[PDB]
Amino acid sequence: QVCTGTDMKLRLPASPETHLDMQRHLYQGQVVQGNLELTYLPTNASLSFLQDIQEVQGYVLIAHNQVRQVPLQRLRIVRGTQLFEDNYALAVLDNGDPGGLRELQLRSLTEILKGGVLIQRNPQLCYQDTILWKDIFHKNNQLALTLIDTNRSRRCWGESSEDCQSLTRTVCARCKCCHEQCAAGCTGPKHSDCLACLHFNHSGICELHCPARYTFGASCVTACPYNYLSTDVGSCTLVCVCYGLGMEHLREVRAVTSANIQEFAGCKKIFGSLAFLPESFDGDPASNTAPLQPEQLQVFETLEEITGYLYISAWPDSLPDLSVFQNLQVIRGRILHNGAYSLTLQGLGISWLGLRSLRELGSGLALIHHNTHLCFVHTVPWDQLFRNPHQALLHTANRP
Amino acid sequence: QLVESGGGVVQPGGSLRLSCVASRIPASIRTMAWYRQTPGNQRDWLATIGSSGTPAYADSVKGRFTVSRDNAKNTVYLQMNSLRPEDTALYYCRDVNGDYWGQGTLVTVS
């Protein structure tokens, strides 16, 4: 019913080989609590897993694609909580080569609450200018930053007669008038008939505020999901001591260099991420940053729980395993690298993992690839670490 | 910043050897992987080579292609053998420890 989005923008995939396997594991069977980003898909890719998606909380990015068409048929409303380049809630860019996307096919797309539309540099995309946008954008937030390119090489979404565009706002905020709490159309005059609640969905009943039930996303849920914190106000949020990367002091720090390693000593729970990069172990000549030493990594031998991701793209060649994390037990996956992964190990050259205490990954996928020395990847009980029917292990380029 | 060199036109049954020279000299020789993008498809993995030197080849090209490196010049080669008309595509080298990508060198077999 409810899934989470992804947070890479125009960046080449971390694994081009398992990109479609990553997507399918995320949007398999309705509401996306984040950004829907579909980039670098091959022309023969099958996207039958996107058929049931209904609403997107953030923005919809479809860029650098080669597919014939993306089947987001039932997509109703993209709320635009987050925006691409802080202006656009829908962004279609460079779909093709200088095949490519053919038609939008967003047949039921009715409301974009906050944000704009950006369509540019599409070699063979059509019907990008015959569809009105002012009838889709919400009245309250009319920041319709529209930048559409009309150049092509080949009042509806597509050529088919089933792609009829139902003008809603132009023909009350919404009508067919709808109830004040109904976002995307309605089939009647009551408050239990519309097909997308504007503010909250209390068991099929659209209301402005949750009955002080628990608010979560845009639905009045009876109890918060597994990996969500419940506050006294009544909200299911992710954040209400040590602080990891991207948390209240290191919001702009990208790696665990030698500058910010002393503050983790003696810690038993990091409220953030843990990113290891090539520049952590070779300090830049610009600043007096001594290269990190394998002996200085022992400050993580007391860690027990990490509230974010554990990303390793560089490791000292003297260390043959991750035994410095033999005490870490749970990765909460509340903050995921690129918005999708909670455990990544790429190009490390380790001979065995050594995460003997890991017993749960609260959210996000797992990438263990390009470790051409690494055995003991299958022997780990991965199904006993996952907690959702959306997590999977993606592994390529490893030791045979 | 990675630049490859060694592609071009070749006869079927021939051989080729690409290179991938790093513009900067890293402190550690890192890990570089070889890909191949047939037009319209995702760039398929070919081979990977680590800092130590242990390689890993895909199933399709294992036994024909050979990957190696020279730490003196920080260049990684991809020695191709018994080339075949189906092998024509764009060949790119990526730096796995950093996610830096090359620009590609088109290899044509005819």
# chains A, B, ... in the order shown; residues from 1 in each chain; ligands from 1
call {"tool": "select_by_dssp", "arguments": {"residues": "stretch 127-340 of chain A", "states": "strand (DSSP E)", "output": "ChimeraX atom specification"}}
result
/A:147-148,200-202,205-207,214-216,219-221,229-230,236-237,269-270,274-276,305-306,310-312,330-331
call {"tool": "write_last_selection", "arguments": {"atoms": "N, CA and C atoms", "output": "PDB file, in the first residue's frame"}}
result
ATOM      1  N   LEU A 147       8.323  24.896 -17.887  1.00  0.00           N
ATOM      2  CA  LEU A 147       9.360  25.066 -18.904  1.00  0.00           C
ATOM      3  C   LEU A 147       9.311  23.835 -19.805  1.00  0.00           C
ATOM      4  N   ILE A 148       8.506  23.907 -20.861  1.00  0.00           N
ATOM      5  CA  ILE A 148       8.261  22.782 -21.756  1.00  0.00           C
ATOM      6  C   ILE A 148       8.906  23.077 -23.103  1.00  0.00           C
ATOM      7  N   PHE A 200      -6.223  14.722   4.935  1.00  0.00           N
ATOM      8  CA  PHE A 200      -6.046  13.477   5.667  1.00  0.00           C
ATOM      9  C   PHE A 200      -7.118  12.478   5.259  1.00  0.00           C
ATOM     10  N   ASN A 201      -6.760  11.197   5.317  1.00  0.00           N
ATOM     11  CA  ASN A 201      -7.651  10.093   4.966  1.00  0.00           C
ATOM     12  C   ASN A 201      -7.859   9.251   6.221  1.00  0.00           C
ATOM     13  N   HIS A 202      -8.957   9.502   6.935  1.00  0.00           N
ATOM     14  CA  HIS A 202      -9.270   8.765   8.160  1.00  0.00           C
ATOM     15  C   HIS A 202     -10.199   7.615   7.784  1.00  0.00           C
ATOM     16  N   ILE A 205     -12.385   8.486   5.023  1.00  0.00           N
ATOM     17  CA  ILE A 205     -13.082   9.735   5.305  1.00  0.00           C
ATOM     18  C   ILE A 205     -12.061  10.863   5.257  1.00  0.00           C
ATOM     19  N   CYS A 206     -12.254  11.797   4.329  1.00  0.00           N
ATOM     20  CA  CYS A 206     -11.351  12.934   4.198  1.00  0.00           C
ATOM     21  C   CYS A 206     -11.711  13.989   5.238  1.00  0.00           C
ATOM     22  N   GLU A 207     -10.759  14.318   6.111  1.00  0.00           N
ATOM     23  CA  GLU A 207     -10.935  15.366   7.106  1.00  0.00           C
ATOM     24  C   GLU A 207      -9.713  16.272   7.121  1.00  0.00           C
ATOM     25  N   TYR A 214      -3.540   8.591  14.849  1.00  0.00           N
ATOM     26  CA  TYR A 214      -2.189   9.081  14.616  1.00  0.00           C
ATOM     27  C   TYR A 214      -2.074   9.556  13.177  1.00  0.00           C
ATOM     28  N   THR A 215      -1.549  10.763  12.989  1.00  0.00           N
ATOM     29  CA  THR A 215      -1.302  11.266  11.646  1.00  0.00           C
ATOM     30  C   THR A 215      -0.013  10.678  11.088  1.00  0.00           C
ATOM     31  N   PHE A 216      -0.060  10.288   9.817  1.00  0.00           N
ATOM     32  CA  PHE A 216       1.079   9.644   9.168  1.00  0.00           C
ATOM     33  C   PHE A 216       0.927   9.862   7.671  1.00  0.00           C
ATOM     34  N   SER A 219      -2.779  10.214   5.923  1.00  0.00           N
ATOM     35  CA  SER A 219      -3.824   9.304   6.363  1.00  0.00           C
ATOM     36  C   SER A 219      -3.811   9.208   7.879  1.00  0.00           C
ATOM     37  N   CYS A 220      -5.002   9.194   8.473  1.00  0.00           N
ATOM     38  CA  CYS A 220      -5.157   9.061   9.920  1.00  0.00           C
ATOM     39  C   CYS A 220      -5.068   7.582  10.269  1.00  0.00           C
ATOM     40  N   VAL A 221      -3.869   7.140  10.613  1.00  0.00           N
ATOM     41  CA  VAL A 221      -3.607   5.740  10.918  1.00  0.00           C
ATOM     42  C   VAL A 221      -3.835   5.499  12.404  1.00  0.00           C
ATOM     43  N   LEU A 229       8.791   6.841  14.476  1.00  0.00           N
ATOM     44  CA  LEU A 229       8.714   7.309  15.853  1.00  0.00           C
ATOM     45  C   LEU A 229       7.396   8.030  16.096  1.00  0.00           C
ATOM     46  N   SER A 230       6.767   7.730  17.227  1.00  0.00           N
ATOM     47  CA  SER A 230       5.495   8.331  17.604  1.00  0.00           C
ATOM     48  C   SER A 230       5.727   9.387  18.677  1.00  0.00           C
ATOM     49  N   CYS A 236       3.587  10.467  13.357  1.00  0.00           N
ATOM     50  CA  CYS A 236       4.529   9.378  13.103  1.00  0.00           C
ATOM     51  C   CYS A 236       5.645   9.944  12.233  1.00  0.00           C
ATOM     52  N   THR A 237       6.677  10.467  12.881  1.00  0.00           N
ATOM     53  CA  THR A 237       7.819  11.060  12.207  1.00  0.00           C
ATOM     54  C   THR A 237       9.035  10.152  12.363  1.00  0.00           C
ATOM     55  N   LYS A 269      25.096   4.642  20.291  1.00  0.00           N
ATOM     56  CA  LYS A 269      23.985   4.823  19.359  1.00  0.00           C
ATOM     57  C   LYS A 269      24.206   6.122  18.606  1.00  0.00           C
ATOM     58  N   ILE A 270      24.391   6.030  17.294  1.00  0.00           N
ATOM     59  CA  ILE A 270      24.602   7.200  16.453  1.00  0.00           C
ATOM     60  C   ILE A 270      23.261   7.591  15.847  1.00  0.00           C
ATOM     61  N   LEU A 274      26.662   6.951   8.477  1.00  0.00           N
ATOM     62  CA  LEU A 274      28.087   6.652   8.612  1.00  0.00           C
ATOM     63  C   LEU A 274      28.618   6.370   7.210  1.00  0.00           C
ATOM     64  N   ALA A 275      29.163   7.396   6.564  1.00  0.00           N
ATOM     65  CA  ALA A 275      29.648   7.295   5.195  1.00  0.00           C
ATOM     66  C   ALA A 275      31.169   7.267   5.186  1.00  0.00           C
ATOM     67  N   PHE A 276      31.735   6.274   4.507  1.00  0.00           N
ATOM     68  CA  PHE A 276      33.178   6.148   4.330  1.00  0.00           C
ATOM     69  C   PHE A 276      33.478   6.297   2.845  1.00  0.00           C
ATOM     70  N   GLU A 305      23.725   0.699  17.718  1.00  0.00           N
ATOM     71  CA  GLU A 305      22.647   0.972  16.782  1.00  0.00           C
ATOM     72  C   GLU A 305      22.978   2.241  16.015  1.00  0.00           C
ATOM     73  N   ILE A 306      22.667   2.247  14.723  1.00  0.00           N
ATOM     74  CA  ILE A 306      22.869   3.409  13.869  1.00  0.00           C
ATOM     75  C   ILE A 306      21.535   3.756  13.230  1.00  0.00           C
ATOM     76  N   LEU A 310      24.908   2.826   6.509  1.00  0.00           N
ATOM     77  CA  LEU A 310      26.316   2.471   6.671  1.00  0.00           C
ATOM     78  C   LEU A 310      26.884   2.290   5.270  1.00  0.00           C
ATOM     79  N   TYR A 311      27.571   3.315   4.774  1.00  0.00           N
ATOM     80  CA  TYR A 311      28.081   3.346   3.410  1.00  0.00           C
ATOM     81  C   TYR A 311      29.598   3.275   3.452  1.00  0.00           C
ATOM     82  N   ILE A 312      30.164   2.267   2.791  1.00  0.00           N
ATOM     83  CA  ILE A 312      31.608   2.100   2.700  1.00  0.00           C
ATOM     84  C   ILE A 312      31.979   1.943   1.234  1.00  0.00           C
ATOM     85  N   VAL A 330      21.691  -3.172  14.744  1.00  0.00           N
ATOM     86  CA  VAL A 330      20.553  -2.789  13.919  1.00  0.00           C
ATOM     87  C   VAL A 330      20.906  -1.533  13.135  1.00  0.00           C
ATOM     88  N   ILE A 331      20.549  -1.520  11.854  1.00  0.00           N
ATOM     89  CA  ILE A 331      20.604  -0.327  11.020  1.00  0.00           C
ATOM     90  C   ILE A 331      19.163   0.106  10.797  1.00  0.00           C
TER      91      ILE A 331
END
call {"tool": "residues_around", "arguments": {"residues": "residue A:318", "least_positions_apart": "4", "cutoff": "12 Å", "atoms": "only C-alpha atoms", "output": "list in words"}}
result
residues 293, 294, 295, 314, 322, 348, 349, 350 and 351 of chain A; 51 and 52 of chain B
call {"tool": "write_last_selection", "arguments": {"atoms": "C-alpha atoms", "output": "compact mmCIF listing (two decimals), in the first residue's frame"}}
result
# COMPACT_ATOMS: atom_id res chain seq x y z
CA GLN A 293 44.45 5.10 10.12
CA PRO A 294 43.10 1.56 10.62
CA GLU A 295 43.94 1.91 14.32
CA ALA A 314 36.86 2.76 0.73
CA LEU A 322 34.50 -5.07 9.03
CA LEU A 348 36.44 -2.70 -0.82
CA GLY A 349 38.48 -5.86 -1.38
CA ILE A 350 37.47 -7.42 1.94
CA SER A 351 37.69 -11.20 2.25
CA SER B 51 43.55 -2.66 -5.83
CA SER B 52 45.26 -5.98 -5.11
call {"tool": "interface_residues", "arguments": {"of": "chain B", "to": "chain A", "cutoff": "8 Å", "atoms": "only C-alpha atoms", "output": "number ranges by chain"}}
result
B: 27, 30-31, 40-45, 47-52, 54-58, 96-99
call {"tool": "closest_residue", "arguments": {"among": "B:71, B:4, B:109, B:46", "to": "residue B:26", "atoms": "only C-alpha atoms"}}
result
B:71
call {"tool": "atom_distance", "arguments": {"atom1": "atom CA of residue A:110", "atom2": "atom CA of residue A:52"}}
result
15.8 Å
call {"tool": "residues_around", "arguments": {"residues": "residue A:303", "least_positions_apart": "3", "cutoff": "12 Å", "atoms": "only C-alpha atoms", "output": "ChimeraX atom specification"}}
result
/A:242,244,264-271,274,297-300,306-307,323-331,357-358
call {"tool": "write_last_selection", "arguments": {"atoms": "N, CA and C atoms", "output": "PDB file, in the first residue's frame"}}
result
ATOM      1  N   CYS A 242      25.225  11.220  20.656  1.00  0.00           N
ATOM      2  CA  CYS A 242      26.006  11.294  19.431  1.00  0.00           C
ATOM      3  C   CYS A 242      25.119  11.643  18.244  1.00  0.00           C
ATOM      4  N   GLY A 244      25.367  11.484  13.945  1.00  0.00           N
ATOM      5  CA  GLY A 244      26.077  11.091  12.750  1.00  0.00           C
ATOM      6  C   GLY A 244      25.970  12.150  11.673  1.00  0.00           C
ATOM      7  N   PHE A 264      33.028  10.369  17.938  1.00  0.00           N
ATOM      8  CA  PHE A 264      32.295   9.112  17.969  1.00  0.00           C
ATOM      9  C   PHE A 264      32.833   8.138  19.009  1.00  0.00           C
ATOM     10  N   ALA A 265      33.872   8.513  19.751  1.00  0.00           N
ATOM     11  CA  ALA A 265      34.499   7.592  20.691  1.00  0.00           C
ATOM     12  C   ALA A 265      33.567   7.296  21.859  1.00  0.00           C
ATOM     13  N   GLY A 266      33.465   6.018  22.217  1.00  0.00           N
ATOM     14  CA  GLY A 266      32.646   5.610  23.339  1.00  0.00           C
ATOM     15  C   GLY A 266      31.157   5.628  23.089  1.00  0.00           C
ATOM     16  N   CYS A 267      30.727   5.857  21.853  1.00  0.00           N
ATOM     17  CA  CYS A 267      29.310   5.973  21.550  1.00  0.00           C
ATOM     18  C   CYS A 267      28.658   4.602  21.421  1.00  0.00           C
ATOM     19  N   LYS A 268      27.386   4.533  21.815  1.00  0.00           N
ATOM     20  CA  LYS A 268      26.605   3.312  21.701  1.00  0.00           C
ATOM     21  C   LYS A 268      25.381   3.451  20.809  1.00  0.00           C
ATOM     22  N   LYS A 269      25.096   4.642  20.291  1.00  0.00           N
ATOM     23  CA  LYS A 269      23.985   4.823  19.359  1.00  0.00           C
ATOM     24  C   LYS A 269      24.206   6.122  18.606  1.00  0.00           C
ATOM     25  N   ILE A 270      24.391   6.030  17.294  1.00  0.00           N
ATOM     26  CA  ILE A 270      24.602   7.200  16.453  1.00  0.00           C
ATOM     27  C   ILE A 270      23.261   7.591  15.847  1.00  0.00           C
ATOM     28  N   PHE A 271      22.876   8.850  16.025  1.00  0.00           N
ATOM     29  CA  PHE A 271      21.620   9.351  15.473  1.00  0.00           C
ATOM     30  C   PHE A 271      21.815   9.897  14.064  1.00  0.00           C
ATOM     31  N   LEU A 274      26.662   6.951   8.477  1.00  0.00           N
ATOM     32  CA  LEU A 274      28.087   6.652   8.612  1.00  0.00           C
ATOM     33  C   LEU A 274      28.618   6.370   7.210  1.00  0.00           C
ATOM     34  N   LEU A 297      40.040   3.575  13.633  1.00  0.00           N
ATOM     35  CA  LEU A 297      38.677   3.121  13.394  1.00  0.00           C
ATOM     36  C   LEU A 297      38.092   2.359  14.576  1.00  0.00           C
ATOM     37  N   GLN A 298      38.890   2.086  15.608  1.00  0.00           N
ATOM     38  CA  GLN A 298      38.430   1.310  16.753  1.00  0.00           C
ATOM     39  C   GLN A 298      37.379   2.037  17.581  1.00  0.00           C
ATOM     40  N   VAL A 299      37.165   3.334  17.347  1.00  0.00           N
ATOM     41  CA  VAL A 299      36.148   4.073  18.086  1.00  0.00           C
ATOM     42  C   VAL A 299      34.737   3.613  17.759  1.00  0.00           C
ATOM     43  N   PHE A 300      34.566   2.820  16.703  1.00  0.00           N
ATOM     44  CA  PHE A 300      33.274   2.250  16.349  1.00  0.00           C
ATOM     45  C   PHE A 300      33.057   0.867  16.947  1.00  0.00           C
ATOM     46  N   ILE A 306      22.667   2.247  14.723  1.00  0.00           N
ATOM     47  CA  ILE A 306      22.869   3.409  13.869  1.00  0.00           C
ATOM     48  C   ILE A 306      21.535   3.756  13.230  1.00  0.00           C
ATOM     49  N   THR A 307      21.136   5.019  13.350  1.00  0.00           N
ATOM     50  CA  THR A 307      19.828   5.475  12.904  1.00  0.00           C
ATOM     51  C   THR A 307      19.797   5.786  11.409  1.00  0.00           C
ATOM     52  N   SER A 323      35.316  -6.046  11.114  1.00  0.00           N
ATOM     53  CA  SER A 323      35.212  -6.464  12.508  1.00  0.00           C
ATOM     54  C   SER A 323      35.084  -5.289  13.468  1.00  0.00           C
ATOM     55  N   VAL A 324      35.458  -4.078  13.049  1.00  0.00           N
ATOM     56  CA  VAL A 324      35.239  -2.906  13.881  1.00  0.00           C
ATOM     57  C   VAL A 324      33.759  -2.639  14.113  1.00  0.00           C
ATOM     58  N   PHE A 325      32.882  -3.273  13.334  1.00  0.00           N
ATOM     59  CA  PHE A 325      31.439  -3.190  13.516  1.00  0.00           C
ATOM     60  C   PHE A 325      30.846  -4.521  13.973  1.00  0.00           C
ATOM     61  N   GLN A 326      31.614  -5.300  14.732  1.00  0.00           N
ATOM     62  CA  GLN A 326      31.127  -6.557  15.283  1.00  0.00           C
ATOM     63  C   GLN A 326      30.160  -6.356  16.440  1.00  0.00           C
ATOM     64  N   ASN A 327      29.932  -5.111  16.862  1.00  0.00           N
ATOM     65  CA  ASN A 327      28.989  -4.797  17.926  1.00  0.00           C
ATOM     66  C   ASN A 327      27.742  -4.079  17.435  1.00  0.00           C
ATOM     67  N   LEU A 328      27.751  -3.554  16.212  1.00  0.00           N
ATOM     68  CA  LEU A 328      26.550  -2.963  15.642  1.00  0.00           C
ATOM     69  C   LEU A 328      25.497  -4.042  15.434  1.00  0.00           C
ATOM     70  N   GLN A 329      24.271  -3.767  15.870  1.00  0.00           N
ATOM     71  CA  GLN A 329      23.199  -4.755  15.854  1.00  0.00           C
ATOM     72  C   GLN A 329      22.076  -4.437  14.882  1.00  0.00           C
ATOM     73  N   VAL A 330      21.691  -3.172  14.744  1.00  0.00           N
ATOM     74  CA  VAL A 330      20.553  -2.789  13.919  1.00  0.00           C
ATOM     75  C   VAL A 330      20.906  -1.533  13.135  1.00  0.00           C
ATOM     76  N   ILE A 331      20.549  -1.520  11.854  1.00  0.00           N
ATOM     77  CA  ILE A 331      20.604  -0.327  11.020  1.00  0.00           C
ATOM     78  C   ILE A 331      19.163   0.106  10.797  1.00  0.00           C
ATOM     79  N   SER A 357      27.153  -9.178  14.588  1.00  0.00           N
ATOM     80  CA  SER A 357      26.077  -8.734  15.465  1.00  0.00           C
ATOM     81  C   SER A 357      24.897  -8.122  14.724  1.00  0.00           C
ATOM     82  N   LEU A 358      25.004  -7.916  13.416  1.00  0.00           N
ATOM     83  CA  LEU A 358      23.906  -7.318  12.670  1.00  0.00           C
ATOM     84  C   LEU A 358      22.723  -8.274  12.633  1.00  0.00           C
TER      85      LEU A 358
END
call {"tool": "residues_around", "arguments": {"residues": "residue A:108", "least_positions_apart": "3", "cutoff": "9 Å", "atoms": "only C-alpha atoms", "output": "VMD selection string"}}
result
chain A and resid 72 to 77 105 163 165 to 166
call {"tool": "write_last_selection", "arguments": {"atoms": "N, CA and C atoms", "output": "compact mmCIF listing (two decimals), in the first residue's frame"}}
result
# COMPACT_ATOMS: atom_id res chain seq x y z
N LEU A 72 2.47 4.76 -15.71
CA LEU A 72 1.88 5.31 -14.49
C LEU A 72 0.42 5.70 -14.74
N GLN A 73 -0.38 4.69 -15.04
CA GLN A 73 -1.75 4.92 -15.51
C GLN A 73 -2.62 5.53 -14.42
N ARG A 74 -2.59 4.95 -13.22
CA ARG A 74 -3.50 5.32 -12.15
C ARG A 74 -2.95 6.41 -11.24
N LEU A 75 -1.78 6.96 -11.54
CA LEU A 75 -1.20 8.01 -10.72
C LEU A 75 -2.17 9.18 -10.60
N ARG A 76 -2.61 9.47 -9.38
CA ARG A 76 -3.66 10.47 -9.17
C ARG A 76 -3.09 11.85 -8.88
N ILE A 77 -2.34 11.99 -7.78
CA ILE A 77 -1.88 13.28 -7.31
C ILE A 77 -0.43 13.16 -6.86
N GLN A 105 1.34 9.47 -20.76
CA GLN A 105 0.39 8.45 -20.33
C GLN A 105 -0.06 8.60 -18.88
N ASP A 163 -7.01 8.23 -23.67
CA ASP A 163 -6.17 9.23 -23.01
C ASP A 163 -6.88 10.57 -22.87
N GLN A 165 -8.31 13.81 -21.40
CA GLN A 165 -7.95 14.62 -20.25
C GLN A 165 -9.21 15.22 -19.64
N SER A 166 -9.48 14.89 -18.38
CA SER A 166 -10.66 15.38 -17.68
C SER A 166 -10.30 16.68 -16.99
call {"tool": "atom_distance", "arguments": {"atom1": "atom CA of residue A:103", "atom2": "atom CA of residue A:134"}}
result
19.7 Å
